[PDB]
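**Student:** Residue numbers (the numbering used here): 9 to 282.
There's a structure below that I have some questions on.
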Ligand SMILES: CN(C)CCCNS(=O)(=O)c1ccc(Nc2nccc(-c3cnc4cccnn34)n2)cc1
């Protein structure tokens with residue numbers, strides 16, 4: 009690690025730093041944290057929409073991960089685009105690319121588990137990539153947590169990543185977080201108030217989940233025309249399938265890529281202020 013010089017703090021698994029390789033002049037993203045094996049497995053998991061894991065350094069009982077450096081994260085970009093909003097064509101491009109990244113990771117049996125604007129990175133060329141993948145297996149925000157996780161499911165599936173991405177999708181479109189909960193129960197009830205309290209009809213087996221309680225209030229479902237007004241009908245049908253209660257009914261990344269919404273997708277370049 010004496011080969012790297014910290015430049016600035018990026019965020020805080022561990023803390024992430026923007027650093028410089030004094031043995032190449034290369035700029036990278038440095039994260040300071042059975043594990044060794046799992047981590048080494050992610051270094052082979054390469055794709056255009058996944059932040060590349062360059063090296064793993066295990067020393068002094070400490071674990072350091074070296075990642076390629078990207079220009080800005082989605083949280084900052086959304087804040088910067090708050091006045092006029094991100095153009096629809098760019099929103100569509102970002103969603104399409106992220107679905108490609110998830111389709112790839114999911115085909116390799118790897119899930120993210122904690123997708124959020126903060127770990128989605130973009131560059132001046134118009135690309136977007138997933139970061140902090142698989143690490144989630146080797147104050148925190150609950151806004152993007154899938155309902156099966158909140159209800160105590162022990163062995164959830166790749167479907168949890170689709171739910172998180174759907175929430176991010178809605179947020180780029182409306183400039184408002186879909187389910188901004190500040191506690192697990194508040195998060196769960198916010199989802200219920202919008203999508204309706206789930207029951208055995210729409211979600212077989214839900215009433216027998218670890219944290220489900222017959223005493224839950226029973227709210228009715230709302231129309232998506234009210235949830236995401238500026239989104240056209242193809243966008244709304246796609247979003248509804250990404251937000252299905254039953255993990256088994258929720259659309260897969262692969263199936264989503266074939267949805268009508270993407271028939272006119274393109275790759276615009278963002279206006280980034282660095
Ligand atoms: C809270 N504010 C002070 C803003 C914080 C910084 N936001 S930013 O858009 O300037 C900005 C954010 C990120 C970058 N680069 C960059 N490249 C590659 C990776 C990462 C990055 C971030 N978490 C993680 C977690 C794991 C792995 N990688 N990894 N980050 C540049 C700029």
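Using N, Cα and C, we set each Cβ at its ideal position, and we do this for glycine too.
1. Anyone know if the C-beta pair for residue 168 and residue 185 falls short of 7 Å?
2. Can you give me the C-alpha to C-alpha distance between residue 191 and residue 32, rounded to a whole angstrom?
3. Using a 10 Å radius around the Cβ and a threshold of 16 neighbouring Cβ atoms, would you call residue 193 buried or exposed?
4. How far does the beta strand (DSSP E) with residue 28 in it extend, from its first residue to its last?
5. Answer yes or no: the CB of residue 139 versus the heavy atoms of ligand 3, is any distance below 6 Å?
6. Output the distance between the C-alpha atoms of residue 160 and residue 240, rounded to the nearest integer angstrom.
7. Would the beta-carbon of residue 131 fall within 7 Å of that of residue 79?
8. Near residue 55, which residues of its chain fall below 7 Å by C-beta distance, leaving aside the five closest residues on each side in sequence?
9. Please classify residue 38: does DSSP put it in a helix, a strand, or coil?
10. Taking residue 84 as the reference, give the member of 93, 204, 125 and 91 with the closest Cα.
11. Among the candidates 273, 175 and 275, whose CA atom is the shortest distance from the CA of residue 151?
12. My assumption, with CB atoms under 8 Å, is that residue 128 sits in contact with residue 82. Please give the rounded CB distance.
13. Any heavy atom of ligand 1 closer than 6 Å to the beta-carbon of residue 109?
14. How about residue 227 and residue 254: are their beta carbons less than 7 Å apart?
15. Within the present structure, is the beta-carbon of residue 200 separated from the nearest heavy atom of ligand 1 by less than 6 Å?
16. Would you mind stating whether residue 258 and residue 170 have Cβ atoms separated by less than 7 Å?
17. If the criterion is Cβ atoms closer than 7 Å, does the pair residue 121 and residue 144 meet it?
18. Return yes when the Cβ of residue 36 is within less than 7 Å of the Cβ of residue 64, no when it is not.
**Tutor:** Quick look at the numbers:
1. Walking along the chain shown from the start, residue 168 turns up at place 160. Walking along the chain shown from the start, residue 185 turns up at place 177. Contact flag unset, no.
2. Locating residue 191 in the chain shown gives position 183, where the first residue counts as 1. Locating residue 32 in the chain shown gives position 24, where the first residue counts as 1. Answer to the nearest angstrom: the Cα atoms are 45 Å apart.
3. Against the chain shown, residue 193 aligns to sequence position 185. With fewer than 16 other Cβ atoms within 10 Å, it is exposed.
4. Position 20 of the chain shown, counted from the first residue, corresponds to residue 28. Unbroken beta strand (DSSP E) run through residue 28: 23-29.
5. Ligands displayed in this structure: ligand 1; ligand 3 is not among them.
6. Walking along the chain shown from the start, residue 160 turns up at place 152. Walking along the chain shown from the start, residue 240 turns up at place 232. For residue 160 and residue 240, the distance between alpha carbons rounds to 34 Å.
7. Taking the chain shown and counting its residues from 1, one reaches residue 131 at position 123. Taking the chain shown and counting its residues from 1, one reaches residue 79 at position 71. A contact, by the Cβ cut-off of 7 Å.
8. Taking the first residue of the chain shown as position 1, residue 55 is located at position 47. If we look at residue 55 and ignore the five residues flanking it on each side, its Cβ neighbours are 109 and 112.
9. As a first step, residue 38 is located in the chain shown; it is residue number 30 there, counting from the start. In this structure, residue 38 counts as strand in the three-state DSSP scheme.
10. Position 76 of the chain shown, counted from the start, is the residue given in the question as residue 84. Here the closest residue by C-alpha is 125.
11. Translated into the one-based positions of the chain shown, residue 151 becomes position 143. Of 273, 175 and 275, the residue nearest in Cα terms is 175.
12. As a working note, residue 128 is residue 120 in the chain shown. As a working note, residue 82 is residue 74 in the chain shown. About 4 Å separates the two Cβ atoms, so the contact holds.
13. What you label residue 109 is simply residue 101 of the chain shown in a count that begins at 1. Checking every heavy atom of ligand 1 against the Cβ of residue 109, none is found closer than 6 Å.
14. The residue you call residue 227 lines up with position 219 of the chain shown. The residue you call residue 254 lines up with position 246 of the chain shown. No. Outside cutoff.
15. Numbered from its first residue, the chain shown carries residue 200 at position 192. No - ligand 1 has no heavy atom lying nearer than 6 Å to the Cβ of residue 200.
16. In the chain shown, counting from the first residue as 1, residue 258 sits at position 250. In the chain shown, counting from the first residue as 1, residue 170 sits at position 162. Closer than 7 Å, so yes.
17. For the purposes of this step, residue 121 is taken as the residue at position 113 of the chain shown. For the purposes of this step, residue 144 is taken as the residue at position 136 of the chain shown. It is a contact, given that the beta carbons lie within the stated cut-off.
18. Start at 1 with the first residue of the chain shown, and residue 64 comes out as number 56. Start at 1 with the first residue of the chain shown, and residue 36 comes out as number 28. No, they are not a contact pair.
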